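These notes concern the structure reproduced below.
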Protein chains: 2
Amino acid sequence: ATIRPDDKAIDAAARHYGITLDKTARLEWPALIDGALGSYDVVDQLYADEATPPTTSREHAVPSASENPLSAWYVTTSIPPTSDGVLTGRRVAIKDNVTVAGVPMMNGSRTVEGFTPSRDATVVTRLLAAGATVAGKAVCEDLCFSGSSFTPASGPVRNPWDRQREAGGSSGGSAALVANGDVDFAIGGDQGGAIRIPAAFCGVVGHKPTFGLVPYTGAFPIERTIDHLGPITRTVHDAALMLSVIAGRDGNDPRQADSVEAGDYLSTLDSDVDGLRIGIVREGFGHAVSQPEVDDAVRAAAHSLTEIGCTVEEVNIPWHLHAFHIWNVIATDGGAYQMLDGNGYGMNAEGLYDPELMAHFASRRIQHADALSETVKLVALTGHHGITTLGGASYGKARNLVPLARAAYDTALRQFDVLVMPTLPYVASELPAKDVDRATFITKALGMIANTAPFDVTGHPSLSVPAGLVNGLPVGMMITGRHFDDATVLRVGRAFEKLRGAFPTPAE
Amino acid sequence: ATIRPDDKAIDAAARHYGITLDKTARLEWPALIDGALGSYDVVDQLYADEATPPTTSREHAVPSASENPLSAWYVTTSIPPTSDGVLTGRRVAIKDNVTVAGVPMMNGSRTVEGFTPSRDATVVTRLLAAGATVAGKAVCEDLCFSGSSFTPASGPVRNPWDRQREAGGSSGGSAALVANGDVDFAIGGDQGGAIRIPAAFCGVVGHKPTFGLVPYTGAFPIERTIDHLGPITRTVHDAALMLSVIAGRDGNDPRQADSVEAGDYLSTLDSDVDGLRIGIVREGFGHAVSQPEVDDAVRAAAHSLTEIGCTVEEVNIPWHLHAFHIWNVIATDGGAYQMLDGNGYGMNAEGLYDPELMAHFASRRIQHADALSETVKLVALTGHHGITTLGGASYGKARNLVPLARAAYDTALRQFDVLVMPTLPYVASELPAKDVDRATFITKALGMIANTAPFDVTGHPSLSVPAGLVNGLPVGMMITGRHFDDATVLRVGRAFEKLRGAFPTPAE
Ligand SMILES: NC(=O)c1ccccc1
Ligand SMILES: NC(=O)c1ccccc1
């Protein structure tokens, strides 16, 4: 039977809604609530007899500090493919916010550490059926609300290019492992740039596909309308190969529209880009907070594409700066409402839920809230203000502005094939000391998402490709295009790779 | 600029998440939260300069007790059509939970009374462009969480067949007006049976279309996955005519899938039903709480269809009883989470929001929570328990069971064209005294949704058609069919009408 609430809880519930119970109310509600909970009892029973996922027996190990030099691994594994395919012989690291049945996961947070899922996320299942070997779970920022790599409760991920500098984030671990050569590919998540940012910082390729293309099923949600799963690879070709395996509706993710279909990211990957219009978004350069050397390197990189027949011109998209603030509201109000109060999955959406995870997270986060990262706490405090005092109006206003933001980019996309700008306005900085300032902490973890975040809310596919080195550190060029035109975005990235030439390895 | 929270609020927010602020935290957060709110300021500005709906000048009047004999009207109007069409010369009443720009609305609740929307719901706009004249707003149950007609803060709606008995609900007012002949049609909402129930009680036709067919845009939400808007009419033909005008994607309702398309509900409305298989769902009859006279009348009505070439057989669908409990969890946890904590619209879904309404509702419901109906309070208390203590797990479990419920009905629908059972297990009962028992109140307002509610969660189109009189009071036969096969559901309803013959008017 489902647990019933006690009188103290009933009173707390009533006070939550501003309801005042008299003496007779406090006496009757219990029995009534108990009657209502009768349906919950039935759901509990039906769920136990019909929707309880099977058990799993897979092995894993906590690597020793020696076999985990960058602190990029949470746990290691060797899960064999179920069929041979285009990934046979390759290894893949899975971001810790993504479930792998029978394997522990914590999503870089103390509020989740200790959870062992019963289901494999859809992308995990597709990877295995393509011949890949899942090599383990890669550490991710505390509940992923961080653009750097110092919020993981298990410690900071070191960049393989400079073990003193950040690996980025929130998929810091994934990129590090890929850059360091520990795995061939990695599955990363992107809500404000978590796939593109660490890739840029670690000198690897990161693709946040068109929203809804890759099923999110099985990954810990943050805010439903901006959740993205995607590939982090060493090369554009591999990124396209991974996408061909993971893309496509799975019938369990409400984010995916009925019309979603996997495109062809390989057939024309190497086709010439002669005649393609490349738009350099002005608002993507010269931010108050930035390193000009970085912007110029990427700017030069963008223009060099003329060397292969591309017409390159600058274009103004004022809404690019507006989109950031619209994203921030959606991520702040939405994140606190869903990720926290809704315990990850939230409610009011059709699809496959993870009630085991929801329960686990619910208890742990209230007993370890103080351990939550400073950025998550910021989201919590201000979002709660947005949800209650503000009545959710700001979230509503932001939602009503999204179409305008989308249209602003699509208009530019009628004049250009793809839009380009620096992925990040600066190279990986040194890791802060575990004595950091709350204010510094929040600015150093959220000040590099200005160009990436906008595309999370509008949903356009956005790709980060290494564009060169600045003071020995990797910088990235971000190529963004039309919804579901991931193929063209990848083609341009590929074409740029050929022109740019082989990009150095942190081991080189 | 967006209102900032004070230290007391910041502390309350922190306590809400189990976060404990020290002395320095209480000192720093303010400035940080203020910085975060900077994005809200920008959203506020952009929204004011670009997404603020125009002003409106329409007239309305509060009818006198004399011109509002059944207490079915909230306010009356005479909004002329914008174009001539299939509804020219007809009047339509709009349920009070549905916005009509420039006109007051309260959704039968004290927590909303006083609100005047700036946008017209999509169905309102479509009705006007089809030649209809909007005659006013029809009273609906307190926040619609009631299957009867005694929860409206403005008083109970009297059934035109017996002004001492309930008109049903939550669209009680709409059905009453239609039955009484005050209007030709009405737009009603259905979350647990609000369109079908009052129609059945008042002897009129009520159609809860396939989920997602009719845009919900502009109507006050309860729980996103079970929200439905539909027509309430005097005849099946009119119901089909209305559906042809309101059905179809509007690009603003996240509930509507990309593949949704309006069907043809008129071409074959009068075609012969010779050979159609009609399945009498056993679990839809003989409930512990019910009036056998009612079940037999409907049972006999269902069999009479053989008189026109239909093959009629009984079929077992055990999941019909399970679906009720699955619905209850989704409506209880989901309703408290979205309708209350989310102030109607909630979050984490793409679409057109009503931030003005969200703000208004947010302030009013905390100052008038004690005025909320007993059923809403039940939802509030137990749902809050589900959201917090239960961690939302029950909601998740219920969601994971929905497909099985859907499949159970679809399997029956492979053996039969449509499924039939009584809309309600009993005729309209006498109105309770404003001295009612909380327990009685909750059972008398929620004990008649056993057959209707299941279809709200699975989404199948479900139609209630008058099947006869029992002790002088109307009883209804509910015809339910496949997703988006509203046309066949209507055809059967039509065919039954012809056979049954003209149904008496409460004025006859
Ligand atoms: N990289 C991300 O997805 C991110 C999300 C939220 C805040 C910062 C970064
Ligand atoms: N008729 C309805 O939609 C309803 C919803 C909730 C509870 C009772 C009835």
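What you see below is based on every heavy atom in this structure, not just the backbone, and it leaves out hydrogens, waters and symmetry mates. So you know, we letter chains A, B, ... as the sequences are listed, proteins then strands, and number each from 1.
Only the side chain of A/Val402 comes within contact range of chain B, with at least one heavy atom under 4.5 Å from a heavy atom of that chain. Of the two parts of A/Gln367, neither the backbone nor the side chain holds a non-hydrogen atom closer than 4.5 Å to a non-hydrogen atom of chain B. Both the backbone and the side chain of A/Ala398 come within contact range of chain B, each with at least one heavy atom under 4.5 Å from a heavy atom of that chain. Within the 4.5 angstrom heavy-atom criterion, atoms from both the backbone and the side chain of A/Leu32 approach chain B. Proximity to chain B (any heavy atom under 4.5 Å) is shown, for A/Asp11, by neither the backbone nor the side chain. For A/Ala31, no part lies under 4.5 angstrom from a heavy atom of chain B. For A/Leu37, the part sitting under 4.5 Å from any heavy atom of chain B is the side chain, from C-beta outward, and nothing else. When heavy atoms are compared at a cutoff of 4.5 Å, B/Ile387 approaches chain A by way of both its backbone and its side chain. For a residue to count as touching a neighbouring chain, one of its non-hydrogen atoms must lie under 4.5 Å from one of that chain's; by this rule A/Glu28 touches chain B with the side chain only. For A/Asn252, no part sits under 4.5 Å from any heavy atom of chain B, backbone or side chain. Contacts between A/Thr2 and chain B at a heavy-atom distance below 4.5 Å involve the side chain alone, from C-beta outward. The contact between A/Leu404 and chain B is made entirely by side chain atoms (from C-beta outward), counting heavy-atom distances below 4.5 Å. Contact annotation for A/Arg4: only backbone heavy atoms (N, CA, C, O) come within less than 4.5 Å of a heavy atom of chain B.
With hydrogens and angles ignored, the 3.5 Å screen pairs a side-chain donor or acceptor of A/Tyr395 with a backbone N or O of B/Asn348. A donor-acceptor contact shorter than 3.5 Å links the side chain of B/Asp370 to the backbone of A/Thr20.
Atom CD1 of B/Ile3 has 12 or fewer neighbouring heavy atoms from other residues, nucleotides or ligands inside a 6.0 Å radius.
Closest non-hydrogen pair, A/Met358 versus B/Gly391, comes out as CB-O, 3.5 Å. Heavy-atom minimum distance, A/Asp44 versus B/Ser394: OD1-OG, 4.5 Å.
Under the side chain to side chain donor-acceptor pair (under 3.5 Å) criterion, A/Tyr216 pairs with A/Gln191, sequence neighbours left out.
Pairs passing the ring-ring contact (aromatic ring centres under 6.0 Å, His included) check and including a residue from residues 29-50 of chain A, sequence neighbours excluded, do not occur.
A distance of 5.5 Å separates CG in A/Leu381 from CD1 in B/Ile19, rounded to the nearest 0.5 Å. Atom-to-atom distance recorded for B/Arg365:CZ and A/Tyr17:OH is 8.0 Å, nearest 0.5 angstrom. Note that CD of A/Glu50 is 8.0 Å distant from CG of B/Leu401, once rounded to the nearest 0.5 Å.
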Does the pair A/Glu350 and B/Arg406 meet the rule for a salt bridge (charged side-chain N to carboxylate O under 4.0 Å, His left out), with working shown? CA-CA 12 Å; A/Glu350 182 75 36; B/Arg406 256 183 217 115; 2.8 Å; yes
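The side-chain heavy atoms of B/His16 and A/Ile366, taken from C-beta on, include no pair separated by under 4.5 Å.
The residue from A/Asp333, A/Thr225, A/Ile330 that alone fulfils the side-chain contact (heavy atoms from CB on, under 4.5 Å) condition with B/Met347 is A/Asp333.
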